[PDB]
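**Student:** what's the 3D shape of this:
(2 chains, ligands or ions: 1)
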Amino acid sequence: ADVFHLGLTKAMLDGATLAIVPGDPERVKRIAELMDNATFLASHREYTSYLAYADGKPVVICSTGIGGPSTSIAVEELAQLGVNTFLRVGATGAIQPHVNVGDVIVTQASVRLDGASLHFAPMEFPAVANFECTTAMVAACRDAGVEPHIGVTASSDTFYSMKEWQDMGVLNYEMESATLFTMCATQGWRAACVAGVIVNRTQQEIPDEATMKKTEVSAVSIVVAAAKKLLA
Amino acid sequence: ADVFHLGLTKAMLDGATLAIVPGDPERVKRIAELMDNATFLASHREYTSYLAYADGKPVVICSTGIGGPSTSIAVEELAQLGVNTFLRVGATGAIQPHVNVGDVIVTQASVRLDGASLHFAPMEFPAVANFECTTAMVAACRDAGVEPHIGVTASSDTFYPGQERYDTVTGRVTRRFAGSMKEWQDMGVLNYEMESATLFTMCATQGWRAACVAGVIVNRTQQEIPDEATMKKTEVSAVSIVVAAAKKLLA
Ligand SMILES: [Li+]
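**Tutor:** Numbering: from 1, shown residues only, chains lettered A, B, ... in the order given. Please find the structure below.
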């Protein structure tokens, strides 16, 4: 392979410059299949990678695993293979009372509660998403009839102080976006992040299973839509 | 499943209270298969789990993924399923001149260059391995004719910057991690890896036992390229040693 973990060479990406980077190896295939000619590329460790074509252009779809360390490896190695744009999609839990199950969040920037971002920039640096990529995500939500909650996500190193984040308007919690955003911002790659809200931590009620699958479907559909806007 | 990620129920471990926790999901079977009656349990995301029997007692073998965050989930969920001892086995790169490809490191404690350890203790708390499990690891090494290097490992949240790797894209490391490898070498730090400070801090603070052993597959101080066959032999050796140590601790 040309890189140490993903088991990929550059020719395998067929020129892809954009990656969709979900957390779960097991979700890669189904996201690739929303595009054309989905093709398994490799699977090592938690990194499952597919190629597919979005409006005729090559996109790589590659799992990050859970957390900033494993993500950092996937992002750095995809960048070595020419990817300069990275769109995260994921399912998240909201911490704001009126961000409901089935809503979508576009993360514009993240609270850096992760260790890995600190390998890329001192803490003072903002874990901020790329403006154009975030714009595309928001456009893709709107095209789908969805008004995204756009704002700040708490990005942490353990599965998941909360009140502190709520009073500061933080929308949700996840584990990879601070790392993603900081490493990409600091090295000249573009990143954005969309997530379907599958649960609301302020809420009594347990989320409906069918709602949660529909929501995740929506988020994957949005990110693919955003990827086509950016490769237009 | 009784836990959120591993896809396991308590009954599936059949009473096991000791886990062998390699990084790589594709190594779990091989380890399970050095013991008796190895059985596939589950595979969800980066967690592949098997059960097997060491001289009659069940051992769970479960991958952690790379890094403290993914490891913390596996460790927390295995403890919920009743595991109280976690033996990590890995392959690693030495940073000390005389620690040769083929040697073995037993990590007694780790430099906490990770973020997940901070969820379990403030940075002043030592990322220290349990003394009895480290003792079993050393004995297992010696039984295999191997004098392990016992010392401090640097445990990092990146493969690249926090490990002072410059054969990257930008070929730049943040100030924090510039000169840092040589810093660790001067402090007698044996090697780098990415999970043991989380493992050891979360275990120590919550009353579980952890130890870690690793085969040296590369020496970052040597120009000589590591040999393919030695690396496999070293990896086989690290895995038999951790199986031996589990046997000692369950005897
Ligand atoms: Li992982």
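**Student:** The residue nearest to residue A:132 when sequence neighbours are not counted pairs with what?
**Tutor:** Closest residue in space to residue A:132, ignoring its immediate chain neighbours: residue A:190 at 6.7 Å, by Cβ to Cβ, 6 or more residues apart in numbering or on different chains. All C-beta spots, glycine's among them, are computed from the backbone N, C-alpha and C. Per DSSP bridges, the residues bridged to residue A:190 are residue A:85.
**Student:** Spit out the contact partners of residue A:190.
**Tutor:** A:84-86, A:130, A:132-133, A:184 (Cβ atoms under 8 Å, 6 or more residues apart in numbering or on different chains).
**Student:** could you redo the last one with a cut-off of 6 Å?
**Tutor:** A:85, A:130, A:133 (Cβ atoms under 6 Å, 6 or more residues apart in numbering or on different chains).
**Student:** Residue A:136 now?
**Tutor:** With Cβ under 6 Å, 6+ apart, residue A:136 has these contacts: A:226, A:229-230.
**Student:** any chance you could map the strands in chain A?
**Tutor:** With DSSP state E as the criterion, chain A has strands at A:18-20, A:36-44, A:47-54, A:57-62, A:85-94, A:104-113, A:127-128, A:149-156, A:172-174, A:190-200.
**Student:** Could you show which parts of chain A are in contact with chain B?
**Tutor:** Residues of chain A that fall close to chain B, judged by Cβ under 6 Å from any Cβ of the partner chain: A:24, A:45-46, A:65-67, A:69-70, A:72-73, A:76, A:79-80, A:114-116, A:119, A:157-159, A:175, A:187.
**Student:** Would you point out which residue of chain A is nearest the ion?
**Tutor:** For chain A, the residue closest to the ion is residue A:65, as judged by Cβ to the ion, at 2.6 Å.
**Student:** Would you mind confirming that that residue makes contact with residue A:46?
**Tutor:** Yes: contact criterion Cβ atoms under 6 Å: residue A:65 and residue A:46 qualify, at 3.4 Å.
**Student:** ok, those two, which is more surrounded?
**Tutor:** Between residue A:65 and residue A:46, residue A:46 has the larger neighbour count (other Cβ atoms under 10 Å in any protein chain shown), namely 30 against 26.
**Student:** ok, the more buried one - contacts?
**Tutor:** Here residue A:46 is in contact with A:25, A:63, A:65, A:70, B:46, B:65 (Cβ under 6 Å, 6+ apart).
**Student:** try 10 Å this time
**Tutor:** A:5, A:23-25, A:63-67, A:70-71, A:73-74, B:23-25, B:45-47, B:63-67, B:70 (Cβ atoms under 10 Å, 6 or more residues apart in numbering or on different chains).
**Student:** ok, which residues in chain A are in contact with the ion?
**Tutor:** A:46, A:65-66, A:70 (Cβ under 5 Å from the ion).
**Student:** Now, those residues that are in helices?
**Tutor:** Counted as lying in helices by DSSP state H, out of these, are residue A:70.
**Student:** can you pull the buried residues of the longest helix anywhere in chain A?
**Tutor:** Determined from DSSP H, the single longest helix within chain A is helix A:209-231. Within helix A:209-231, the residues that count as buried by 16 or more other Cβ atoms under 10 Å in any protein chain shown are A:211-212, A:215-216, A:218-231.
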